[PDB]
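Structure data follow from coords_32.txt (compact mmCIF, C-alpha atoms):
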```
# COMPACT_ATOMS: atom_id res chain seq x y z
CA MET A 1 152.73 111.37 151.36
CA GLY A 2 151.27 114.44 153.01
CA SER A 3 148.03 116.39 153.27
CA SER A 4 147.11 115.07 149.82
CA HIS A 5 146.20 111.81 151.55
CA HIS A 6 143.86 113.84 153.75
CA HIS A 7 140.65 115.77 153.09
CA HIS A 8 140.74 118.47 150.42
CA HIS A 9 139.33 122.02 150.68
CA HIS A 10 139.35 123.86 154.01
CA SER A 11 139.63 127.60 153.37
CA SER A 12 138.18 127.78 149.85
CA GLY A 13 135.01 125.74 150.13
CA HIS A 14 132.88 127.53 152.69
CA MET A 15 130.76 130.17 150.97
CA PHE A 16 127.84 132.20 152.29
CA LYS A 17 124.53 131.35 150.65
CA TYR A 18 121.56 133.65 151.26
CA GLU A 19 119.31 130.66 150.67
CA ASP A 20 120.83 128.95 153.70
CA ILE A 21 119.76 131.70 156.10
CA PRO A 22 116.71 130.88 158.28
CA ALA A 23 113.90 132.15 156.05
CA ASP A 24 111.86 133.21 159.07
CA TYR A 25 114.53 135.84 159.66
CA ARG A 26 114.88 136.80 155.99
CA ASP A 27 111.25 137.81 156.30
CA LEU A 28 112.36 140.24 159.02
CA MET A 29 114.65 142.24 156.73
CA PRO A 30 113.75 144.97 154.17
CA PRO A 31 113.27 143.79 150.54
CA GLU A 32 115.87 146.29 149.34
CA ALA A 33 118.43 144.76 151.68
CA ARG A 34 117.45 141.37 150.28
CA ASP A 35 117.70 142.29 146.59
CA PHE A 36 121.44 142.67 147.14
CA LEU A 37 121.98 139.15 148.56
CA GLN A 38 119.56 137.90 145.93
CA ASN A 39 121.83 139.32 143.22
CA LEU A 40 125.17 138.97 144.94
CA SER A 41 127.12 135.81 144.11
CA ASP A 42 130.12 133.74 145.31
CA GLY A 43 132.90 135.78 143.71
CA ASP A 44 131.87 139.02 145.37
CA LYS A 45 130.83 137.40 148.67
CA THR A 46 134.44 136.26 148.89
CA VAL A 47 135.69 139.83 149.25
CA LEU A 48 133.16 140.95 151.89
CA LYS A 49 134.95 138.90 154.56
CA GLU A 50 138.24 140.57 153.61
CA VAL A 51 136.72 143.95 154.38
CA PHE A 52 135.01 142.72 157.56
CA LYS A 53 137.91 140.80 159.10
CA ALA A 54 140.29 143.68 158.44
CA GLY A 55 138.36 146.74 159.63
CA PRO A 56 137.87 148.54 161.85
CA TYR A 57 135.16 150.91 160.67
CA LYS A 58 133.54 153.68 162.68
CA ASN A 59 130.96 153.79 159.89
CA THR A 60 129.70 151.75 156.94
CA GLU A 61 131.09 154.25 154.41
CA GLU A 62 134.55 153.01 155.41
CA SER A 63 133.39 149.53 154.42
CA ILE A 64 131.94 150.94 151.20
CA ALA A 65 135.29 152.58 150.51
CA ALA A 66 137.13 149.34 151.26
CA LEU A 67 134.71 147.55 148.95
CA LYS A 68 135.25 150.14 146.21
CA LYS A 69 138.96 149.42 146.49
CA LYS A 70 138.71 145.63 146.52
CA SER A 71 135.68 145.28 144.24
CA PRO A 72 134.81 148.64 142.58
CA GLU A 73 131.32 147.78 141.36
CA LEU A 74 130.47 145.92 144.55
CA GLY A 75 131.21 149.03 146.54
CA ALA A 76 128.84 150.91 144.26
CA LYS A 77 126.29 148.12 144.68
CA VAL A 78 126.39 148.41 148.47
CA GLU A 79 126.66 152.20 148.19
CA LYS A 80 123.40 152.78 146.35
CA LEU A 81 121.71 150.32 148.68
CA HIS A 82 122.95 151.93 151.85
CA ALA A 83 122.41 155.41 150.45
CA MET A 84 118.68 154.72 149.98
CA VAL A 85 118.54 153.36 153.50
CA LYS A 86 120.30 156.49 154.74
CA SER A 87 117.89 158.70 152.79
CA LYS A 88 115.02 157.14 154.74
CA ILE A 89 116.88 157.25 158.06
CA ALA A 90 117.54 160.88 157.13
CA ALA A 91 113.79 161.39 157.10
CA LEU A 92 113.52 159.62 160.45
CA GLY A 93 113.14 161.41 163.77
CA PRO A 94 115.89 161.20 166.46
CA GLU A 95 114.13 158.45 168.40
CA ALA A 96 113.40 156.24 165.43
CA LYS A 97 116.70 157.14 163.76
CA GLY A 98 118.53 155.91 166.84
CA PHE A 99 116.63 152.65 166.59
CA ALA A 100 117.20 152.40 162.83
CA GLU A 101 120.97 152.90 162.95
CA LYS A 102 121.26 150.32 165.69
CA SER A 103 118.69 147.65 164.88
CA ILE A 104 120.00 147.48 161.33
CA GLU A 105 123.47 147.30 162.86
CA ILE A 106 122.27 144.12 164.56
CA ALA A 107 120.50 142.75 161.47
CA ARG A 108 123.42 143.61 159.21
CA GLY A 109 125.80 142.10 161.72
CA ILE A 110 124.01 138.79 161.33
CA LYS A 111 124.48 138.65 157.57
CA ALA A 112 127.91 140.19 158.06
CA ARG A 113 129.02 137.26 160.18
CA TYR A 114 127.53 135.20 157.39
CA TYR A 115 130.08 136.86 155.08
CA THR A 116 132.99 136.21 157.43
CA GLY A 117 132.18 132.51 157.67
CA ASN A 118 131.09 132.83 161.30
CA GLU A 119 127.60 131.56 160.51
CA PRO A 120 125.26 132.25 163.48
CA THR A 121 123.19 129.47 165.02
CA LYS A 122 119.36 129.62 164.92
CA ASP A 123 119.34 131.01 168.46
CA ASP A 124 121.84 133.72 167.54
CA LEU A 125 119.21 135.29 165.28
CA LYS A 126 116.82 135.35 168.23
CA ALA A 127 119.30 137.56 170.05
CA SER A 128 119.45 139.79 166.99
CA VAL A 129 115.75 140.63 166.82
CA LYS A 130 115.39 140.43 170.59
CA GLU A 131 117.31 143.65 171.01
CA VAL A 132 115.50 145.39 168.15
CA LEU A 133 112.27 144.66 170.05
CA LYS A 134 113.95 145.68 173.30
CA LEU A 135 114.59 149.01 171.66
CA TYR A 136 111.42 149.27 169.58
CA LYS A 137 109.03 148.51 172.45
CA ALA A 138 110.72 151.19 174.55
CA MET A 139 110.35 153.94 171.95
CA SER A 140 107.66 156.61 172.24
CA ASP A 141 104.51 155.67 170.27
CA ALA A 142 104.89 158.59 167.84
CA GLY A 143 108.47 157.51 167.23
CA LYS A 144 107.43 153.90 166.69
CA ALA A 145 104.85 155.05 164.15
CA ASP A 146 107.35 157.40 162.50
CA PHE A 147 109.70 154.47 161.96
CA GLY A 148 106.83 153.00 159.97
CA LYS A 149 107.20 155.78 157.42
CA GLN A 150 110.90 155.41 156.73
CA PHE A 151 110.89 151.62 157.17
CA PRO A 152 107.26 150.41 156.74
CA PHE A 153 108.31 146.81 156.04
CA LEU A 154 109.97 146.48 159.43
CA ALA A 155 107.29 148.42 161.31
CA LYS A 156 104.88 145.95 159.73
CA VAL A 157 106.41 142.85 161.27
CA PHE A 158 107.02 144.67 164.57
CA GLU A 159 103.40 145.78 164.98
CA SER A 160 102.01 142.42 163.89
CA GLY A 161 104.45 140.77 166.28
CA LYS A 162 106.03 138.61 163.59
CA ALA A 163 109.46 139.55 164.92
CA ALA A 164 108.11 139.13 168.44
CA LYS A 165 107.33 135.45 167.76
CA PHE A 166 110.93 135.12 166.60
CA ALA A 167 112.60 136.77 169.59
CA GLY A 168 110.39 135.13 172.16
CA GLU A 169 108.56 138.41 172.69
CA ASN A 170 111.43 140.78 173.43
```
Can you present the structure in this file as structure tokens?
Amino acid sequence: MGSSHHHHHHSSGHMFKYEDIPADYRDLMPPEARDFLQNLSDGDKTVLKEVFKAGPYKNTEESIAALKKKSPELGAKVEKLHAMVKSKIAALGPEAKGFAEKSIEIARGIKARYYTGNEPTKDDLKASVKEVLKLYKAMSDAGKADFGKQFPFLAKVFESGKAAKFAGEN
């Protein structure tokens, strides 16, 4: 008698799959930030949530550090990825930089709560891009265009309104 006569698996079955994310929204994220969850598999995904649910991190480098401790290579995998991103945001002006290191915080948070097991509903993602538009619409034109140099892929979908049709137009 016992739980053996009940369902099996409860805390070892749920696993984030990048293929299960609303593809409309995966279109709204940079290809570089996709390559990672293209290549990243179950075993490593498992440890992301350990870093996330522990925290807290005033910066992503703390998470990179935590990842280097828990999964050495994985920390390097996220490092190189985030480093490139930083290199571009480094080339970004104050206005667009403020948007970058805040909109990505939203976008990353979505696929970060995918890691944790707190999978967002379809309407949660709307909220995500909604604020990036709330910010991006409010930026000065020159700053909006300058964001298109450091992150052309995102500027693309923002100008075309692809993200707009996702948020419900800001």
Straight-line distance linking CA of residue 126 in chain A with CA of residue 44 in chain A, stated in Å to one decimal: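 Distance reported for this atom pair: 27.6 Å.
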From A:88, A:34, A:134, A:102, residue lying nearest residue 148 in chain A [all atoms listed in the file]: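 So, comparing all the options, the nearest one is A:88.
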For range 86-149 of chain A versus range 53-66 of chain A, which residues have an atom no more than 10 Å away, and what is each residue's nearest atom pair and distance in Å rounded to one decimal, using all atoms listed in the file, chain-then-number order, as JSON lines?
```
{"residue": "A:105", "atom": "CA", "partner": "A:60", "partner_atom": "CA", "distance": 9.7}
{"residue": "A:113", "atom": "CA", "partner": "A:53", "partner_atom": "CA", "distance": 9.6}
{"residue": "A:115", "atom": "CA", "partner": "A:53", "partner_atom": "CA", "distance": 9.6}
{"residue": "A:116", "atom": "CA", "partner": "A:53", "partner_atom": "CA", "distance": 6.9}
```
Å distance separating CA of residue 129 in chain A from CA of residue 52 in chain A, one decimal place: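 Distance between the two atoms: 21.5 Å.
Reported to one decimal place, the separation of CA of residue 106 in chain A from CA of residue 125 in chain A is 9.4 Å.
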A:11, A:150, A:41, A:121: which is nearest residue 97 in chain A, counting all atoms listed in the file?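 Using all atoms listed in the file, the shortest distance to residue 97 in chain A belongs to A:150.
If all atoms listed in the file are the atoms counted, then among A:96, A:159, A:170, A:153 the closest residue to residue 140 in chain A is A:96.
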Each range 45-130 of chain A residue no farther than 10 Å from range 141-145 of chain A, nearest pair in Å, all atoms listed in the file, as CSV:
```
residue,atom,partner,partner_atom,distance
A:92,CA,A:143,CA,8.7
A:93,CA,A:143,CA,7.0
A:94,CA,A:143,CA,8.3
A:95,CA,A:143,CA,5.9
A:96,CA,A:143,CA,5.4
A:97,CA,A:143,CA,8.9
A:99,CA,A:144,CA,9.3
```
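For the residues A:156, A:49, A:8, A:149, ranking by smallest atom-to-atom distance to residue 118 in chain A using all atoms listed in the file places A:49 first.
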Which is closest to residue 136 in chain A among A:154, A:107, A:74, A:40, if we use only C-alpha atoms?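 Checking each of A:154, A:107, A:74, A:40 against residue 136 in chain A, counting only C-alpha atoms, the winner is A:154.
Considering the residues A:155, A:89, A:67, A:132 and counting all atoms listed in the file, residue 51 in chain A has its shortest atom-to-atom contact with A:67.
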